[PDB]
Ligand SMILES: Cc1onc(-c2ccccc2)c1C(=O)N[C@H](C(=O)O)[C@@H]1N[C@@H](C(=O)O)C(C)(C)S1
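Okay, so here's just one chain, in structure tokens, the form solved without the ligand.
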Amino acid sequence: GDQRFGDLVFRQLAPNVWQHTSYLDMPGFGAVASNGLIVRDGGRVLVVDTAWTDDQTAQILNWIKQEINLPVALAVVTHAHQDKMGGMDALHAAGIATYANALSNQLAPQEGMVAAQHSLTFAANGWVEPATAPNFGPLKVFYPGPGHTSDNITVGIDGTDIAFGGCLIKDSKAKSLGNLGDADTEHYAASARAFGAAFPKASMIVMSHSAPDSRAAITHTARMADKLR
């Protein structure tokens, strides 16, 4: 069951995987939830995405201390919007090594974000260049192409049935794709489908702005994105 911890919500998804959820008022849009992940890999913890703010991100680290009590080895963030990168300073203050797509780090200052310490680069086929993602353990990072943003990346968790689409993917009952302000409308559908094809065995799809769903999230997202073209 969901665990309320201050103003955040935590939900266990698998033996070594939890979803973190944080909220920000977007005047004219309500209090918007954003989800990320926490993964235990043996004696360390790996984080996918910050919360919206530094204070919320420090609360994620407090939850980790209380519920797991192992060091956070690294964090990876999935694009340069506030829901994913807004808490970078809290990670740095905590001594955590941080990673983002090189393009996300380039875009960070103009988006009002602090860049991660390290830049991921990607092969032509979308898989991360392994030397840029050292010690990522079960995290398999994939650039699916431009969609929600030009820089969006995705993460599979090896040894689980879980893949994280970030803000690229919405659930199977969603009426829209959400914030398309920085989207690549021409390529979105193909990028959504490429995410699915990269993680074919993932039966639980986690995403930023919907609760976890089946792979119908991917097909429905792509079918909605077909209409942008």
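Each residue number is its position in the shown sequence, starting from 1.
The same protein also has a form deposited with the ligand bound, omitted here; what follows describes it.
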Contact flag, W52 vs the ligand in the deposited complex, heavy atom cut 4.5 Å: yes
Find out whether any non-hydrogen atom of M113 is located within 4.5 angstroms of the ligand in the deposited complex, and reply yes or no. yes
Answer for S172 alone: is it within 4.5 Å of the ligand in the deposited complex, judged on heavy atom distances? no
At 4.5 Å between heavy atoms, is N179 in contact with the ligand in the deposited complex? yes
Go through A198, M204, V32, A190 and name the one with a heavy atom inside 4.5 Å of the ligand in the deposited complex. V32
What stretch, of 65-73, 190-198, 24-32, 156-164, brings heavy atoms to within 4.5 Å of the ligand in the deposited complex? 24-32
